[PDB]
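an experimental structure, sequence included, is below.
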Amino acid sequence: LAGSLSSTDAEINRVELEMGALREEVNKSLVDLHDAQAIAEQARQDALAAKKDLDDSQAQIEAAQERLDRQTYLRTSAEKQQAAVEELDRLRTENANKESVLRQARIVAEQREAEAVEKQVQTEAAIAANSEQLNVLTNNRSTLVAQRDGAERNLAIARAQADXXXXXXXXXXXXXXXXXXXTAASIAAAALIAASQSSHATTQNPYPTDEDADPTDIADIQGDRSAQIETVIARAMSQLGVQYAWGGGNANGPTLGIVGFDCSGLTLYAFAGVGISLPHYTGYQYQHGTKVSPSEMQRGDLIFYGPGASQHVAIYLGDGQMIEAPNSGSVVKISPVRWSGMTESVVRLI
């Protein structure tokens, strides 16, 4: 029984890491989508600039055309005509240059707008697939934990034998996280970062579709020290007890699912306190900072799981314990560091 207990906990952690891998897979291609969206919006703001200078060259040529519109007096009027003619020649070749600028800005915006459309539908369907596989994984996990609690009960027997009001809901949650974040410098730094990057929880493109208007456009996130660590870690500890939400989280706190945090969302929140802007994907976070051998990990390091950090992420808290958001049904919690399934390196950002 002891063996089967420990083996169903091994299987529990397998299935939990698989679930993690799928969730983070979707998180990754969500990041890719929002960055392609920013790419598309930058291309058409370029296209709009092109149409702008084409119109100025246009009306310049039309003003010169409208300018086009005894022997001594004829002489000086011929010279006036030459002045007008040379101005039109200038504006002419200017308009040809601007026309080519528009041609190429429009084709580039056409291409990379389409590219963002593609990856958008791509990740919605990837969401569908991963939702199905996740629901399977968590059903299996729940039957496994049933088995595990039962087996523990049997082992105990053996040992004995031997011897829209959702608005009000949201306002409440706001009060919650706002005062749980009670430092002010770190939260305002995280907030700056939050306002620097797109929402990594939705897919719908928050940019214009028609080549009209011009918003702000979000940054691009893909491919002493002691004071810094305590601000970040204090931030993570401050969210202890907050419920888990797939895709949830930003620099200011929990967010609506697809109000909580998922593993890579939580780490982003903590490190944003010291102006460290992190992507909402373990695999991309694994590319930041400096890597350290797991045997030399220390307070502040990031612990990753799965091949190339594809499955899970946690923050090392020091003294052999770490803070993490592990799986559905579990709140943000502190747990001793787990060594099984760990990636080949830890990441030290501070």
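Yep, that arrived. Numbers count the residues shown, from 1 in each chain.

where along the stretch 101-250 of the chain do the helices fall?
166-180, 184-196, 225-238 (DSSP state H, counting those that start in this stretch).

can you tell me what sits against stretch 208-225?
Stretch 208-225 is contacted from outside by 31-32, 34-35, 38, 41-42, 44-45, 47-48, 51, 109, 113, 196-198, 207, 277-280, 284, 287, 350, using Cβ atoms under 8 Å, 6 or more residues apart in numbering. Heads up, the C-betas are built off the backbone N, CA and C, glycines and all.

which among those residues end up buried?
Listed as buried from the contacts of stretch 208-225 are 31-32, 34-35, 38, 41-42, 44-45, 47-48, 109, 113, 197-198, 207, 277-280, 284, 350; burial here means 16 or more other Cβ atoms under 10 Å.

which helices and strands sit right next to the biggest strand by length in the chain?
In the chain, taking DSSP state E as the definition, the longest strand is strand 312-318. Secondary-structure packing of strand 312-318 (3 or more Cβ pairs under 8 Å, 6 or more residues apart in numbering; DSSP states H and E): helix 2-68, helix 225-238, helix 263-272, helix 282-285, strand 302-305, strand 321-324.

can you put those in JSON lines and add distance to residue 81?
What follows is the helices and strands packed on strand 312-318, written out as JSON lines (distance: least, Cβ to Cβ, whole Å):
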{"stretch": "helix 2-68", "distance to residue 81": "8"}
{"stretch": "helix 225-238", "distance to residue 81": "72"}
{"stretch": "helix 263-272", "distance to residue 81": "66"}
{"stretch": "helix 282-285", "distance to residue 81": "64"}
{"stretch": "strand 302-305", "distance to residue 81": "74"}
{"stretch": "strand 321-324", "distance to residue 81": "81"}
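
so which of those is the most packed in?
helix 263-272 (a mean of 28; mean count of other Cβ atoms under 10 Å).

distance of the nearest residue to residue 286 once chain neighbours are set aside from residue 267?
Leaving aside its chain neighbours, residue 286 sits nearest to residue 309 (3.6 Å; criterion: Cβ to Cβ, 6 or more residues apart in numbering). Residue 309 sits 11 Å away from residue 267, taking Cβ to Cβ, to the nearest Å as the criterion.

repeat for residue 326
Counting by Cβ to Cβ, the gap from residue 326 to residue 267 is 13 Å.

ditto for residue 287
If you go by Cβ to Cβ, the gap between residue 287 and residue 267 works out to 14 Å.

please apply the same query to residue 200.
From residue 200 to residue 267 the distance is 13 Å (Cβ to Cβ).

go on, residue 27?
Residue 27 is 12 Å from residue 267, by Cβ to Cβ.

number of nearby residues for the nearest residue to residue 242 once chain neighbours are set aside?
Computed as Cβ to Cβ, 6+ apart, the closest residue to residue 242 that is not its neighbour in sequence is residue 332, at 4.7 Å. Neighbours of residue 332 under the rule other Cβ atoms under 10 Å: 22.

quick one, what contacts residue 332?
Applying Cβ under 8 Å, 6+ apart, the residues contacting residue 332 are 239, 240, 241, 242, 243, 244, 261, 266, 323, 324, 325.

what count of nearby residues applies to residue 127?
Residue 127: 19 neighbours (other Cβ under 10 Å).

residue 240 too?
With other Cβ under 10 Å as criterion, residue 240 counts 12.

so how far is residue 266 from the closest residue to it other than its chain neighbours?
Spatial nearest neighbour of residue 240, chain neighbours left out: residue 332 (5.5 Å); criterion: Cβ to Cβ, 6+ apart. Residue 332 sits at a distance of 6 Å from residue 266 (criterion: Cβ to Cβ).

mutual contacts of these two, please.
239, 323, 324, 325.

need the contact list for the second one.
Translated: residue 323. Contacts of residue 323 by Cβ under 8 Å, 6+ apart are 233, 236, 237, 240, 266, 314, 315, 317, 332, 333, 334, 335.

I figured the second one hits residue 272, correct?
If I follow you right, that is residue 236. No: the criterion here is Cβ atoms under 8 Å, and residue 236 misses it with residue 272 at 11.1 Å.

I'd say the residue nearest to residue 286 and residue 283 touch.
Yes: taking Cβ under 8 Å as the definition, residue 309 is a contact partner of residue 283 at 5.3 Å.

domain assignment for the protein?
What automatic domain parsing lists as the domains of the chain is 2-162, 180-348.

the longest strand of the chain vs helix 263-272, what angle?
40 degrees (axes from the mean of the first three to the mean of the last three Cα atoms, to 10 degrees).

of the helices and strands packed on strand 312-318, which is nearest residue 189?
helix 263-272 (6.6 Å; Cβ to Cβ).

just to revisit the earlier point, got TSV for the contacts of residue 323, with distance to residue 291 too?
Listed next are the contacts of residue 323 as TSV, based on distance: Cβ to Cβ, whole Å:
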residue	distance to residue 291
233	19
236	20
237	24
240	27
266	20
314	16
315	15
317	19
332	25
333	26
334	24
335	23
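
and these, which is closest to residue 250?
residue 266 (10.7 Å).

now do the contacts for that closest one.
236, 239, 249, 315, 323, 324, 325, 332.

over to residue 98?
50, 53, 54, 57 are the contacts of residue 98 under Cβ under 8 Å, 6+ apart.

could you rerun that using 10 Å?
By Cβ atoms under 10 Å, 6 or more residues apart in numbering, the contact set of residue 98 is 50, 51, 52, 53, 54, 55, 56, 57, 58, 60.

which element is it on?
helix 71-162 (DSSP states H and E).
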